[PDB]
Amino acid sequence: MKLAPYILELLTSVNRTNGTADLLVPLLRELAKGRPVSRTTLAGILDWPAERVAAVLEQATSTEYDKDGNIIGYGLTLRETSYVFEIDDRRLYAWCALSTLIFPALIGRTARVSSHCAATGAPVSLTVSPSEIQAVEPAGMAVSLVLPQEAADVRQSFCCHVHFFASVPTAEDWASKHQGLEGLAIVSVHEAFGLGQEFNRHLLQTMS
């Protein structure tokens, strides 16, 4: 299907201010180590003042902090979700199915992804590298997409509707009872991975 609207709105939804893309990739790489990330650590990596880091994060209202005020969640998170995202010996989580397909390229590591079908509860899993997916189980795994909203919190307007499913027919059956959602579509996990590659390619072309 035509994916340009999804790419555009996701980029827009993500791109709220300058420096967001330049902040996003190092933050993801830090979170991937499996521990909370301090703003000062980010500042050192970026060679930014801490106030600049704070300003960018302030506009990302979905951002999760722990009791120490350190960053524990931004697309990738230490707080449990339905989407398990493992790198090496560290179990992380992701906010949505598409997230798990996009992050490995941005952090430059292969991830073991697992979840459950949103319609049947069946376990689903796959291996996601920066360049390809492997070990897709079950092989016909599907993903639901909706059109991201620009101003809304990306987590509640997009992520909460973007799931894995055991198969395309199972997902389309589920989708028939989810009317009203703007841009709701069912794609194979392969088409969703391609969507993520296009997203990443555009996102990375905007970094400093």
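All residue numbers are counted from 1 along the displayed sequence.
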Which of the two stretches, 150-158 or 137-145, shows the higher mean Cα temperature factor in the record? 150-158
Quick one: higher average CA temperature factor, 64-72 or 178-186? 178-186
Lowest, middle or highest third - CA B-factor, residue 86: lowest
Residue 166, C-alpha B-factor rank within chain (lowest, middle or highest third): lowest
